[PDB]
Amino acid sequence: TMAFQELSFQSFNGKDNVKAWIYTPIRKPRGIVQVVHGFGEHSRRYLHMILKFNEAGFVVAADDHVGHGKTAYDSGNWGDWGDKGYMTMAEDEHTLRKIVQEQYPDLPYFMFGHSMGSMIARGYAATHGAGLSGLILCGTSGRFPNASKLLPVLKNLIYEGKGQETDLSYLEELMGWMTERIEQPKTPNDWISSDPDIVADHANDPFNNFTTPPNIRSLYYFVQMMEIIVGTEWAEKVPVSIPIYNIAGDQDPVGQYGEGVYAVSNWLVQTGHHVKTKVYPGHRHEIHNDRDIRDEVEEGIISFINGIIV
């Protein structure tokens, strides 16, 4: 058996080589947690959480998705998720899962996803959820504003040959509203946290994407991933054998300031799932990075997982 590992595998899109890591506990492993990062960030922002999971006895698997992190940094491809459709990221998560479960075949397996990573996790739980012991969603979305609107527009642009073109105005339409509750925001990303130092670190980290907006087909995929997970029509597809932990800050626009986070919990409860929810008052998107609650947020996830393994 192997401990800390660097690995890589070919993407579902057939062109990108996905960079990934496995972190193992020193104690006898009790479970696996697969960590799925969000839009424009990367998996090594999560080292603090990963080490907490390691010290709880959990193996941790994480990759940098196509267009992100070391995957984008090594290839130079920051703006194209490829030509195989919106499930590309969920399929790459499935590949990493099979790799880590080949090394640890008999452990309870949990998936954690933050932001777009919770959208990937939610779609994954509806397509590959067989075998999951638990699902943790952080900073997830309800019905995301303007997403329905851009879907046909982007789809038409694709069939017109514009798929690999880049246009910043579509992302700004999708995302530009998100500082709306913030008095005088210094940056368009101030909604990630009310701590300016976290926003500045996010901006200064070269493995986050501040160079290239995603091209038109990649934006299409993003909006598809937002829309395919909406309502009980999505929730019914998630096996009720998977309990769900749903956490967010109530100043977070992604989840409509607590309302859409509880809407998602309701969709799942309505369809027969066991759901535990926790909304942290007065916090924006990245509750797991806010330093005044970070330890509490991580302990809550571990306590949820321990409750299932027990």
Side-chain angles (χ1 to χ4, degrees), residues 35-42 45-46 48-49 52 112-122 135-149 171-185 187-205 208-210 222-223 225-227 229-230 244-269 275-304:
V35 166
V36 182
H37 72 75
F39 175 77
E41 58 158 6
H42 63 100
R45 291 185 87 208
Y46 292 79
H48 185 272
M49 183 177 100
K52 225 66 108 59
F112 167 100
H114 162 74
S115 213
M116 174 183 80
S118 76
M119 301 176 201
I120 291 161
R122 278 168 67 185
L135 182 61
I136 307 96
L137 308 173
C138 181
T140 200
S141 49
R143 199 28 150 180
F144 193 102
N146 303 324
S148 303
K149 187 229 200 219
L171 184 68
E172 224 281 349
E173 177 155 27
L174 187 69
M175 315 269 272
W177 60 273
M178 300 199 270
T179 54
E180 55 182 3
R181 288 192 179 193
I182 302 169
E183 308 104 277
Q184 225 180 318
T187 85
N189 295 305
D190 278 15
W191 57 272
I192 71 172
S193 172
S194 55
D195 183 349
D197 294 334
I198 283 163
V199 180
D201 172 87
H202 176 270
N204 289 342
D205 176 341
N208 304 320
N209 190 354
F210 282 79
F222 193 13
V223 157
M225 294 187 268
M226 293 172 158
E227 304 273 289
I229 59 173
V230 170
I244 296 112
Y245 187 46
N246 192 192
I247 62 181
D250 74 4
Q251 305 301 317
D252 174 16
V254 175
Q256 290 73 60
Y257 310 110
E259 187 184 345
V261 178
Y262 267 109
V264 164
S265 294
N266 283 330
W267 297 334
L268 289 164
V269 176
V275 180
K276 178 191 204 75
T277 308
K278 164 87 168 180
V279 177
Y280 291 82
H283 290 267
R284 311 190 180 161
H285 187 48
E286 289 192 0
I287 51 158
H288 62 292
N289 291 326
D290 280 346
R291 295 309 200 255
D292 50 334
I293 57 169
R294 174 166 77 169
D295 295 317
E296 177 183 6
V297 168
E298 294 160 351
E299 293 165 346
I301 300 162
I302 293 167
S303 166
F304 162 83

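Along the sequence shown, residues carry numbers from 1.
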With a 4.5 Å cut-off on side-chain heavy atoms, are [Y] and [X] touching?
| X | Y | value |
| --- | --- | --- |
| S141 | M119 | yes |
| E286 | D195 | no |
| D295 | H48 | yes |
| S148 | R143 | yes |
| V230 | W267 | yes |

Going from [atom1] on [X] to [atom2] on [Y], what distance comes out if it is rounded to the nearest 0.5 angstrom?
| X | Y | atom1 | atom2 | answer |
| --- | --- | --- | --- | --- |
| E298 | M49 | CD | CE | 7.5 Å |
| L268 | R122 | CG | CZ | 7.5 Å |
| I244 | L135 | CD1 | CG | 6.0 Å |
| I302 | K52 | CD1 | NZ | 6.0 Å |
| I229 | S118 | CD1 | OG | 6.0 Å |
| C138 | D252 | SG | CG | 8.5 Å |

*Tell me, with the steps shown, if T277 and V264 meet side-chain contact (heavy atoms from CB on, under 4.5 Å).*
CA-CA 10 Å; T277 308; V264 164; over 6 Å; no
What are the two closest heavy atoms between [X] and [Y], and how far apart are they?
| X | Y | result |
| --- | --- | --- |
| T187 | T179 | O-CG2, 3.9 Å |
| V261 | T140 | CG2-O, 4.0 Å |
| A121 | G113 | CB-CA, 4.3 Å |
| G258 | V279 | CA-CG1, 4.4 Å |
| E41 | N208 | CA-OD1, 3.2 Å |
| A147 | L174 | CA-CD1, 4.0 Å |

*May I ask you to decide if the ring planes of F304 and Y245 are parallel, tilted or perpendicular, using 30° and 60° as cut-offs?*
parallel
*Parallel, tilted or perpendicular: rings of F112 and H288 (30°, 60°)*: perpendicular
*Please check if any side-chain donor atom of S193 sits under 3.5 Å from a side-chain acceptor atom of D290, or the reverse.*
yes
*Among side-chain atoms of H202 and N289, is any donor-acceptor pair under 3.5 angstrom?*
no
*asked:* Which residue in the set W177, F222, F39 passes ring pair (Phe, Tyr, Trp, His ring centres under 6.0 Å) when paired with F144?
replied: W177
*Which is it for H42 and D205 under the side-chain contact (heavy atoms from CB on, under 4.5 Å) test, yes or no, and what are the steps along the way?*
CA-CA 10 Å; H42 63 100; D205 176 341; 2.8 Å; yes
*asked:* Quick check on the 6.0 Å ring-centre criterion: do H114 and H285 meet it?
replied: yes
